[PDB]
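Visitor: Following this message is one structure expressed as structure tokens.
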Amino acid sequence: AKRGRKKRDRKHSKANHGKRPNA
Amino acid sequence: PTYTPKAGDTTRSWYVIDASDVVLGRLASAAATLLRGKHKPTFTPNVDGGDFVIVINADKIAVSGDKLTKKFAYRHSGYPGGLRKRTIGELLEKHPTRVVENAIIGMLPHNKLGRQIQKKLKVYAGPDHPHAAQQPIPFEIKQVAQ
Amino acid sequence: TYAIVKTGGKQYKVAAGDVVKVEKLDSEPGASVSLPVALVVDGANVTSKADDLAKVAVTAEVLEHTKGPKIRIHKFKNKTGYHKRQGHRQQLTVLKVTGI
Amino acid sequence: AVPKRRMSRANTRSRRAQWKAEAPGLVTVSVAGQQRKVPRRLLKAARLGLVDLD
Amino acid sequence: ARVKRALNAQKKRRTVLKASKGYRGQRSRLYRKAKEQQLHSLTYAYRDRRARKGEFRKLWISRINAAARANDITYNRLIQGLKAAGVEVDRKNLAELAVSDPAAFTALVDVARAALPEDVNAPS
RNA sequence: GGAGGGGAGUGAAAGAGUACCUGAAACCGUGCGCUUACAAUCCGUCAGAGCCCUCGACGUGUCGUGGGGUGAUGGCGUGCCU
RNA sequence: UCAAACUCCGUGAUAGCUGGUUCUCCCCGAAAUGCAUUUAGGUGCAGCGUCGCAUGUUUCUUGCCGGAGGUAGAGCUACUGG
RNA sequence: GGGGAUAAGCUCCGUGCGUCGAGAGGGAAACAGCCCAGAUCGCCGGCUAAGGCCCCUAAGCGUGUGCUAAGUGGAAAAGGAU
RNA sequence: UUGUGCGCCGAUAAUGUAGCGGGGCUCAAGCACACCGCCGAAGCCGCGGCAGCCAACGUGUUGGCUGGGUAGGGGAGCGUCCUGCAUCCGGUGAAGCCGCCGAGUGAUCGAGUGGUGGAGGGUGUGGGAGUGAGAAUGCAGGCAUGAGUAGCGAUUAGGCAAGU
């Protein structure tokens with residue numbers, strides 16, 4: 001829950017440009 | 001090659017700052033700059049060569065927002081349920097020096113050199129200090145245009 | 001009293017007698033060589049403009065050609081089987097500033 | 001139980017240096033005109049002629 | 001025909017264990033443990049050879065900037081000014097000046113002050 | 001007490017003594033120099049203070065196109081193989 | 001030690017299985033897809049690699065001309081169904 | 001795009017699309033596949049990308065005009081509200 | 001009443017703040033739009049050394065392009081032993097071992113010198129290999145950590161004087 005969401009929301013940073021691996 | 005300060009090289013100075021309604025962050029950044037030594041051209045990170053700092057009227061520090069009473073300093077003994085917290089107002093009315101200290105200590109390296117720097121930080125809740133026989137230089141926090 | 005020489009795609013602060021190591025120039029041990037300049041200082045004032053700086057040039061004497069320190073390389077990556085050994089000494093040419 | 005690692009040189013020699021010995025605190029005795037050194041525990045028994053002095 | 005292997009191994013053992021006099025423990029006595037650390041060591045040396053450039057340059061910049069700010073100019077505008085003025089001195093040597101002779105550095109500061117644009121935040 | 005050893009000897013050599021050609025490493029210790037008891041360390045590497053040894057040009061001690069041992073402190077850094 | 005002892009021999013049994021396989025540099029450099037398979041964790045051929053010879057730009061890229069498509073979309077008194 | 005609940009760091013196909021595999025270095029707080037960029041060796045040389053310039057962390061408590069009062073920034077729905 | 005830009009509540013889990021990376025920040029160090037500079041990588045450039053493919057020329061010079069790399073293919077080499085052949089050193093001290101000073105792009109090298117030690121070795125060209133070990137819950141011998149720790153083998157029980 002928390003852990004997956006924080007992963008999938010850290011991806012919306014600026015140095016990643018909206019995407020990360022394994023979400 | 002490049003210059004590296006030897007032993008008989010350092011020249012010290014005792015600066016003194018007013019905390020008369022200065023902003024805590026400005027004050028603390030300035031003190032960190034001075035202590036670490038980013039204002040002299042002899043700077044080297046392996047050496048401590050900054051300047052002693054004396055803070056006064058530290059009970060006059062005034063912050064923004066609701067940080068006086070919505071902000072919570074924390075600690076932890078290490079025991080279970082030994083997390084205990086305090087506001088900033090309670091902590092001023094208990095002992096004001098600690099607020100400004102910890103604020104600055106978080107603006108320094110937390111290494112051996114940082115511990116050896118904190119020695120060079122003196123803070124006093126009132127306007128006074130016993131360190132007049134060094135004739136402390138008043139520092140006025142300024143911003144350089146460009 | 002001093003000056004700042006350009007060479008080797010690099011810069012070096014100098015004055016007469018100050019021995020220096022640089023890249024491999026093309027001359028014999030004992031010969032002389034001139035060089036361009038970026039800055040010059042006569043006491044307190046400065047020469048900082050390109051026309052004066054081209055009009056000034058520093059002269060140096062080649063003491064000896066030389067070899068720098070031995071440099072070991074063992075490139076390596078894990079779970080792979082990739083080692084790669086290699087070595088290096090860089091050729092040098094010691095200069096001695098005669099005058100300016 | 002059983003250890004898990006090969007406990008180092010530093011730690012090993014360090015603790016090993018606690019297994020030491022102290023010397024008894026010695027004291028003179030005038031054993032029949034001449035002198036010998038003996039603990040204080042046995043002083044009277046030496047002066048009375050029981051301690052085997054070699 | 002039978003070839004004992006002693007010499008042909010002793011050679012590299014001697015090499016490595018000569019090159020690990022200063023290491024601390026089984027990294028200083030034993031071939032199978034010092035070999036590994038030699039891998040890591042030479043590698044870290046390589047990496048540091050590539051990066052001490054940035055280290056020193058960082059240092060030089062901190063010195064320059066503090067010197068300038070005590071003469072009341074920022075680093076960025078100093079370098080804008082010297083670029084404009086075509087001055088050639090590099091940062092190693094600006095730092096050396098800052099240490100030894102602050103007067104000359106103040107003169108260069110003044111040159112840049114003179115040669116900067118008037119309205120630095122202009123749209124040009 | 002004896003084992004064992006120190007002198008005196010033999011011998012070209014006893015760093016050939018019947019545990020004996022040479023006599024490595026692990027390993028076990030004794031001395032000499034540096035360092036280490038407010039500190040979080042895949043144990044190293046890059047910069048480097050300080051001290052000690054050394055070669056050389058000089059001068060009553062002194063920097064150097066030096067070199068070597070230790071190395072406070074800072075940055076970087078997630079063992080080897082399958 | 002017994003759902004068929006022990007020893008020698010056949011015998012260095014055999015394993016689509018696990019592990020292991022030692023000095024250096026130089027150049028180029030993948031694949032994890034297809035059909036079959038008592039077959040799916042293996043293998044054969046094709047695929048992608050390199051080496052040598054042969055054929056010399058035939059490959060690739062961009063522009064312009066020529067060609068079939070029934071995808072998105074939209075449409076339905078233009079068919080089948082709601 | 002299918003299966004699934006139009007869920008899965010799920011599973012199965014496409015793609016002169018990519019990277020990892022076999023690919024280091026910088027940024028992402030740490031982080032094989034994300035963004036930048038494809039490492040012949042050296043230099044105590046310079047300019048840049050992505051990203052970022054209060055201190056820790058090198059670089060701007062930068063300029064100008066407006067919004068924010070929520071520590072929003074620095075997780076979130078249906079819906080509610082001068 | 002419409003559409004907008006930031007905002008409020010809804011909001012809510014278990015070792016310890018803990019959904020800015022931290023201090024701290026609205027006297028923005030936060031969001032937006034324009035502007036100015038700068039830092040920043042093993043990228044590009046700059047000075048140098050090596051190398052592969054091609055090309056031009058002259059009796060091997062230069063230049064352009066190139067040089068991450070696992071499975072893997074190809075090419076060129078060091079080292080060890082025994083030997084055919086020719087020569088060199090060796091009880092006026094070889095090897096082997098411990099070294100110091102130095103070298104090579106690397107495997108490695110010292111016909112460069114010291115200590116120990118006591119009889120075989122080196123060189124160039126060819127030949128042939130039991131030809132290079134860090135891992136196989138690998139074999140043989142030796143030695144460590146655990147450790148100067150656990151134990152010292154019953155439920156009968158030893159003692160004092162004298163003795164050599």
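In the structure tokens, chains take the letters A, B, ... in the order shown, each chain's residues start at 1, and ligands count up from 1 in the order shown.
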Please provide as a list in words all residues within 9 Å of residue 4 (chain A), with the sequence filter that same-chain residues fewer than 4 positions apart are discarded (counting only C-alpha atoms (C1' of nucleotides)).
Guide: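 Those residues are residues 8, 9 and 23 of chain A.
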Visitor: Please find the residues of chain E near chain D - the criterion being any atom within 12 Å, counting only C-alpha atoms - and write them as a PDB file with C-alpha atoms, in the first residue's frame.
Guide:
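The result, written out as result21.pdb:
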```
ATOM      1  CA  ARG E  24      45.612  -3.933   7.583  1.00  0.00           C
ATOM      2  CA  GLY E  25      45.043  -7.592   8.368  1.00  0.00           C
ATOM      3  CA  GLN E  26      44.577 -10.405   5.905  1.00  0.00           C
TER       4      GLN E  26
END
```
Visitor: Which of these residues is nearest to chain C, using only C-alpha atoms (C1' of nucleotides): H:56, H:7, H:36, H:44?
Guide: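 The closest residue to chain C is H:44.
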Visitor: Which region 21-86 of chain E residues have any atom within 12 Å of an atom of region 47-69 of chain C, and for each, what is the nearest pair of atoms with distance in Å to one decimal, counting only C-alpha atoms, rows sorted by chain and number, as JSON lines?
Guide:
```
{"residue": "E:82", "atom": "CA", "partner": "C:48", "partner_atom": "CA", "distance": 10.5}
{"residue": "E:85", "atom": "CA", "partner": "C:49", "partner_atom": "CA", "distance": 8.6}
{"residue": "E:86", "atom": "CA", "partner": "C:50", "partner_atom": "CA", "distance": 8.0}
```
Visitor: Restrict the selected residues to N, CA and C atoms and save them as a PDB file, in the first residue's frame.
Guide:
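Just written: again-v6.pdb:
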```
ATOM      1  N   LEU E  82      35.244  38.634 -16.800  1.00  0.00           N
ATOM      2  CA  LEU E  82      36.534  38.267 -17.363  1.00  0.00           C
ATOM      3  C   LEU E  82      36.373  37.654 -18.744  1.00  0.00           C
ATOM      4  N   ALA E  85      35.970  40.579 -20.963  1.00  0.00           N
ATOM      5  CA  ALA E  85      37.242  41.242 -21.081  1.00  0.00           C
ATOM      6  C   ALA E  85      38.281  40.407 -21.704  1.00  0.00           C
ATOM      7  N   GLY E  86      37.981  39.181 -22.123  1.00  0.00           N
ATOM      8  CA  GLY E  86      38.967  38.368 -22.795  1.00  0.00           C
ATOM      9  C   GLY E  86      40.133  37.957 -21.938  1.00  0.00           C
TER      10      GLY E  86
END
```
Visitor: Which neighbours of residue 26 (chain D) fall inside 10 Å, counting only C-alpha atoms (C1' of nucleotides), when residues of the same chain fewer than 2 positions from it are skipped, and could you give them as a PyMOL selection string?
Guide: chain D and resi 23-24+28-29+36-41+43
Visitor: Atoms to include: C-alpha atoms. Write the selected residues as a PDB file, in the first residue's frame.
Guide:
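Output saved as part_4.pdb:
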```pdb
ATOM      1  CA  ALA D  23      53.497 -10.301  41.425  1.00  0.00           C
ATOM      2  CA  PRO D  24      53.217 -10.620  45.216  1.00  0.00           C
ATOM      3  CA  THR D  28      62.768  -8.192  53.414  1.00  0.00           C
ATOM      4  CA  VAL D  29      63.468 -10.605  56.233  1.00  0.00           C
ATOM      5  CA  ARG D  36      65.961 -12.567  51.856  1.00  0.00           C
ATOM      6  CA  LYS D  37      62.794 -11.312  50.194  1.00  0.00           C
ATOM      7  CA  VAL D  38      59.481 -12.921  51.049  1.00  0.00           C
ATOM      8  CA  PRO D  39      55.808 -11.895  50.879  1.00  0.00           C
ATOM      9  CA  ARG D  40      54.346 -10.130  53.865  1.00  0.00           C
ATOM     10  CA  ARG D  41      51.781 -12.881  54.400  1.00  0.00           C
ATOM     11  CA  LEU D  43      56.707 -12.869  57.543  1.00  0.00           C
TER      12      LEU D  43
END
```
Visitor: Show me, as a PyMOL selection string, the residues that have an atom within 9 Å of region 15-26 of chain G when counting only C-alpha atoms (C1' of nucleotides), minus same-chain residues fewer than 5 positions from it.
Guide: (chain C and resi 84-86) or (chain F and resi 82) or (chain G and resi 42-43) or (chain I and resi 51-52+75-79+105-107+132-133+135-136+138)
Visitor: Leaving out region 42-53 of chain B and any residue of its chain fewer than 6 positions from it, which residues lie within 6 Å of it when counting only C-alpha atoms (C1' of nucleotides), given as a PDB file with C-alpha atoms (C1' of nucleotides), in the first residue's frame?
Guide:
```
ATOM      1  CA  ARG B  12      41.459  33.592  14.453  1.00  0.00           C
ATOM      2  CA  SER B  13      38.793  36.163  15.135  1.00  0.00           C
ATOM      3  CA  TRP B  14      35.845  36.489  17.473  1.00  0.00           C
ATOM      4  CA  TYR B  15      32.698  37.698  15.750  1.00  0.00           C
ATOM      5  CA  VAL B  16      29.484  38.613  17.508  1.00  0.00           C
ATOM      6  CA  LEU B  34      31.708  31.766   9.367  1.00  0.00           C
ATOM      7  CA  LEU B  35      32.526  28.741  11.499  1.00  0.00           C
ATOM      8  CA  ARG B  36      33.267  26.480   8.575  1.00  0.00           C
ATOM      9  CA  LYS B 120      33.841  27.372  18.423  1.00  0.00           C
ATOM     10  CA  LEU B 121      30.197  28.336  19.014  1.00  0.00           C
TER      11      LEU B 121
ATOM     12  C1'   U F  73      41.298  15.153   9.034  1.00  0.00           C
ATOM     13  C1'   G F  74      37.869  15.846   4.196  1.00  0.00           C
TER      14        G F  74
END
```
Visitor: Running DSSP on the backbone, which parts of chain A land in alpha helix (DSSP H), as an NGL selection string?
Guide: :A and (2-10)
Visitor: Give me a file of those residues, with C-alpha atoms, as a short mmCIF file (atom, residue, chain, number, x, y, z; two decimals), in the first residue's frame.
Guide:
```
data_model
loop_
_atom_site.label_atom_id
_atom_site.label_comp_id
_atom_site.auth_asym_id
_atom_site.auth_seq_id
_atom_site.Cartn_x
_atom_site.Cartn_y
_atom_site.Cartn_z
CA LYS A 2 2.09 2.91 1.33
CA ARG A 3 5.30 1.51 -0.08
CA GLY A 4 4.01 0.93 -3.59
CA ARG A 5 2.34 4.32 -3.67
CA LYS A 6 5.44 6.19 -2.59
CA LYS A 7 7.39 4.41 -5.31
CA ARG A 8 4.81 5.21 -7.97
CA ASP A 9 4.71 8.84 -6.80
CA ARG A 10 8.43 9.46 -6.48
#
```
Visitor: Any idea what the distance is between CA of residue 50 (chain E) and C1' of residue 41 (chain H)?
Guide: 11.5 Å
Visitor: Tell me, as a VMD selection string, which residues lie within 7 Å of region 20-22 of chain C, counting only C-alpha atoms (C1' of nucleotides); anything in the same chain fewer than 5 positions away does not count.
Guide: (chain C and resid 8 92 to 96) or (chain F and resid 65)
Visitor: Apply DSSP to the backbone of this structure and, from chain D, keep only the residues in strand (DSSP E or B); write these as a ChimeraX atom specification.
Guide: /D:26-31,34-39
Visitor: Print the selection's residues with C-alpha atoms to a file, as a short mmCIF file (atom, residue, chain, number, x, y, z; two decimals), in the first residue's frame.
Guide:
```cif
data_model
loop_
_atom_site.label_atom_id
_atom_site.label_comp_id
_atom_site.auth_asym_id
_atom_site.auth_seq_id
_atom_site.Cartn_x
_atom_site.Cartn_y
_atom_site.Cartn_z
CA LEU D 26 57.70 -8.56 48.60
CA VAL D 27 59.39 -7.58 51.82
CA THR D 28 62.77 -8.19 53.41
CA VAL D 29 63.47 -10.60 56.23
CA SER D 30 66.58 -10.82 58.41
CA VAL D 31 66.92 -14.57 58.23
CA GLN D 34 71.39 -12.43 56.26
CA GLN D 35 68.54 -11.06 54.19
CA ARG D 36 65.96 -12.57 51.86
CA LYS D 37 62.79 -11.31 50.19
CA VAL D 38 59.48 -12.92 51.05
CA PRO D 39 55.81 -11.90 50.88
#
```
Visitor: Based on only C-alpha atoms, which of the residues in chain C come within 8 Å of chain E? I want them as a PyMOL selection string.
Guide: chain C and resi 4+11-13+38-39+44-46+48-50+72-76
Visitor: What would the file look like if the residues just selected were written as a compact mmCIF listing (two decimals), in the first residue's frame with N, CA, C and O atoms?
Guide:
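Result file follows (part.txt):
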```txt
# COMPACT_ATOMS: atom_id res chain seq x y z
N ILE C 4 52.50 34.29 -15.64
CA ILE C 4 51.66 33.12 -15.79
C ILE C 4 51.75 32.68 -17.24
O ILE C 4 51.18 33.31 -18.13
N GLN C 11 48.35 26.08 -17.72
CA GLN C 11 48.94 27.32 -17.27
C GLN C 11 49.79 27.06 -16.05
O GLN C 11 49.52 26.14 -15.27
N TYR C 12 50.84 27.86 -15.90
CA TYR C 12 51.79 27.69 -14.81
C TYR C 12 52.27 29.05 -14.33
O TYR C 12 52.65 29.90 -15.14
N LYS C 13 52.26 29.25 -13.02
CA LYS C 13 52.79 30.45 -12.41
C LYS C 13 54.29 30.29 -12.24
O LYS C 13 54.76 29.24 -11.81
N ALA C 38 49.77 34.80 -20.37
CA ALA C 38 48.43 35.28 -20.05
C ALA C 38 48.44 36.50 -19.14
O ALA C 38 47.83 37.52 -19.46
N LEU C 39 49.08 36.39 -17.98
CA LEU C 39 49.20 37.49 -17.04
C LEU C 39 50.66 37.82 -16.83
O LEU C 39 51.54 36.99 -17.04
N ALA C 44 53.18 45.74 -8.31
CA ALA C 44 51.78 45.87 -7.97
C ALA C 44 50.84 45.92 -9.17
O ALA C 44 49.74 45.37 -9.08
N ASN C 45 51.23 46.56 -10.26
CA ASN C 45 50.35 46.68 -11.41
C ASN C 45 50.44 45.44 -12.29
O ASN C 45 51.29 44.56 -12.09
N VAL C 46 49.57 45.39 -13.29
CA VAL C 46 49.33 44.18 -14.08
C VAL C 46 49.37 44.50 -15.57
O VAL C 46 49.05 45.62 -15.99
N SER C 48 47.39 42.85 -18.54
CA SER C 48 46.26 41.95 -18.71
C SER C 48 45.56 42.05 -20.06
O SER C 48 44.48 41.48 -20.22
N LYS C 49 46.14 42.75 -21.05
CA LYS C 49 45.54 42.88 -22.37
C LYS C 49 46.35 42.15 -23.43
O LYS C 49 47.58 42.14 -23.39
N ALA C 50 45.63 41.58 -24.40
CA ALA C 50 46.21 40.58 -25.29
C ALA C 50 47.32 41.15 -26.17
O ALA C 50 48.24 40.42 -26.53
N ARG C 72 49.52 2.37 -12.83
CA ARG C 72 49.02 1.03 -13.03
C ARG C 72 47.52 1.11 -13.23
O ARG C 72 46.84 1.82 -12.49
N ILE C 73 47.01 0.37 -14.20
CA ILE C 73 45.59 0.27 -14.45
C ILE C 73 45.24 -1.20 -14.52
O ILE C 73 45.90 -1.97 -15.21
N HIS C 74 44.19 -1.57 -13.81
CA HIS C 74 43.66 -2.91 -13.85
C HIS C 74 42.15 -2.72 -13.85
O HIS C 74 41.49 -2.75 -12.81
N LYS C 75 41.59 -2.52 -15.03
CA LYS C 75 40.17 -2.34 -15.17
C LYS C 75 39.51 -3.67 -14.87
O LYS C 75 40.06 -4.72 -15.19
N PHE C 76 38.35 -3.62 -14.25
CA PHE C 76 37.80 -4.81 -13.65
C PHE C 76 36.31 -4.70 -13.47
O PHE C 76 35.80 -3.65 -13.07
```
Visitor: Could you state the separation of CA of residue 124 (chain B) and CA of residue 56 (chain B) in Å, given to one decimal place?
Guide: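 Atom-to-atom, CA of residue 124 (chain B) to CA of residue 56 (chain B), that is 5.4 Å.
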Visitor: Identify every residue of chain F that has at least one atom within 8 Å of any atom of chain E, counting only C-alpha atoms (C1' of nucleotides), and report the result as a ChimeraX atom specification.
Guide: /F:43-46,75-77,80
Visitor: What are the residues of chain I that have an atom within 8 Å of an atom of chain C, counting only C-alpha atoms (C1' of nucleotides), as an NGL selection string?
Guide: :I and (46-49 or 70 or 105-106)
Visitor: I need the chosen residues saved as a PDB file, in the first residue's frame, with C-alpha atoms (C1' of nucleotides).
Guide:
```
ATOM      1  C1'   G I  46      43.154  21.812 -25.748  1.00  0.00           C
ATOM      2  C1'   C I  47      48.760  19.656 -25.062  1.00  0.00           C
ATOM      3  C1'   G I  48      51.021  14.842 -25.282  1.00  0.00           C
ATOM      4  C1'   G I  49      52.136   8.805 -25.744  1.00  0.00           C
ATOM      5  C1'   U I  70      29.998 -10.918 -21.316  1.00  0.00           C
ATOM      6  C1'   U I 105      51.902  -0.699 -22.472  1.00  0.00           C
ATOM      7  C1'   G I 106      50.936  -6.035 -19.912  1.00  0.00           C
TER       8        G I 106
END
```
Visitor: Once you count only C-alpha atoms, which residues of chain E turn out to be within 10 Å of chain B? Could you give them as a PyMOL selection string?
Guide: chain E and resi 56+59-78+92-93+95-100+102+113+120-121
Visitor: What does the structure give for the distance between CA of residue 109 (chain B) and CA of residue 80 (chain B), in Å to one decimal?
Guide: 28.9 Å
Visitor: Considering only C-alpha atoms (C1' of nucleotides), return as a VMD selection string whatever protein or nucleic-acid residues lie within 10 Å of residue 16 (chain A), sequence-local ones (same chain, fewer than 6 positions apart) excluded.
Guide: (chain A and resid 10) or (chain H and resid 27 to 28 34 to 35 50)
Visitor: Any chance you could export the current selection's N, CA and C atoms (P, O5', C5', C4', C3', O3' and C1' of nucleotides) as a PDB file, in the first residue's frame?
Guide:
```pdb
ATOM      1  N   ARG A  10       7.108   8.873  -6.450  1.00  0.00           N
ATOM      2  CA  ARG A  10       8.432   9.459  -6.476  1.00  0.00           C
ATOM      3  C   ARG A  10       8.775   9.609  -7.970  1.00  0.00           C
TER       4      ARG A  10
ATOM      5  P     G H  27      25.944  13.059  -9.228  1.00  0.00           P
ATOM      6  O5'   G H  27      24.574  13.361  -9.967  1.00  0.00           O
ATOM      7  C5'   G H  27      24.210  14.691 -10.272  1.00  0.00           C
ATOM      8  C4'   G H  27      22.788  14.798 -10.736  1.00  0.00           C
ATOM      9  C3'   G H  27      21.751  14.230  -9.807  1.00  0.00           C
ATOM     10  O3'   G H  27      21.463  15.048  -8.697  1.00  0.00           O
ATOM     11  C1'   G H  27      21.279  13.525 -11.968  1.00  0.00           C
ATOM     12  P     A H  28      21.069  14.344  -7.323  1.00  0.00           P
ATOM     13  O5'   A H  28      19.870  13.387  -7.737  1.00  0.00           O
ATOM     14  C5'   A H  28      18.639  13.973  -8.091  1.00  0.00           C
ATOM     15  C4'   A H  28      17.577  12.994  -8.534  1.00  0.00           C
ATOM     16  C3'   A H  28      16.955  12.104  -7.493  1.00  0.00           C
ATOM     17  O3'   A H  28      16.105  12.761  -6.583  1.00  0.00           O
ATOM     18  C1'   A H  28      17.188  10.946  -9.525  1.00  0.00           C
ATOM     19  P     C H  34      15.525   2.803 -19.352  1.00  0.00           P
ATOM     20  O5'   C H  34      14.745   3.411 -18.105  1.00  0.00           O
ATOM     21  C5'   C H  34      13.413   3.875 -18.227  1.00  0.00           C
ATOM     22  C4'   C H  34      13.207   5.230 -17.620  1.00  0.00           C
ATOM     23  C3'   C H  34      14.036   6.336 -18.210  1.00  0.00           C
ATOM     24  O3'   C H  34      13.504   6.811 -19.432  1.00  0.00           O
ATOM     25  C1'   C H  34      14.097   6.481 -15.865  1.00  0.00           C
ATOM     26  P     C H  35      14.459   7.085 -20.690  1.00  0.00           P
ATOM     27  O5'   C H  35      15.060   8.512 -20.384  1.00  0.00           O
ATOM     28  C5'   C H  35      14.188   9.572 -20.069  1.00  0.00           C
ATOM     29  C4'   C H  35      14.931  10.838 -19.724  1.00  0.00           C
ATOM     30  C3'   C H  35      16.231  11.078 -20.450  1.00  0.00           C
ATOM     31  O3'   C H  35      16.069  11.547 -21.772  1.00  0.00           O
ATOM     32  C1'   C H  35      16.549  11.510 -18.185  1.00  0.00           C
ATOM     33  P     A H  50      19.664  21.035 -20.565  1.00  0.00           P
ATOM     34  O5'   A H  50      19.446  19.700 -19.752  1.00  0.00           O
ATOM     35  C5'   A H  50      18.875  18.583 -20.394  1.00  0.00           C
ATOM     36  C4'   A H  50      18.688  17.424 -19.452  1.00  0.00           C
ATOM     37  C3'   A H  50      18.150  17.760 -18.078  1.00  0.00           C
ATOM     38  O3'   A H  50      16.745  17.891 -18.039  1.00  0.00           O
ATOM     39  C1'   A H  50      20.034  16.390 -17.857  1.00  0.00           C
TER      40        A H  50
END
```
Visitor: With only C-alpha atoms (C1' of nucleotides) considered, list every residue of chain B at most 7 Å from chain I, as a PyMOL selection string.
Guide: chain B and resi 25+74+76+83+103+106-107
Visitor: With C-alpha atoms retained, write the just-selected residues as a short mmCIF file (atom, residue, chain, number, x, y, z; two decimals), in the first residue's frame.
Guide:
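Final output, again_25.cif:
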```
data_model
loop_
_atom_site.label_atom_id
_atom_site.label_comp_id
_atom_site.auth_asym_id
_atom_site.auth_seq_id
_atom_site.Cartn_x
_atom_site.Cartn_y
_atom_site.Cartn_z
CA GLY B 25 17.56 30.69 9.19
CA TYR B 74 11.48 15.71 18.81
CA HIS B 76 14.13 9.79 21.48
CA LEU B 83 9.73 9.64 21.94
CA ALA B 103 19.35 25.00 14.14
CA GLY B 106 21.97 21.04 11.37
CA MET B 107 23.75 23.45 9.01
#
```
Visitor: Which one of I:111, I:71, I:33, I:53 sits closest to residue 49 (chain G) if you count only C-alpha atoms (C1' of nucleotides)?
Guide: I:71
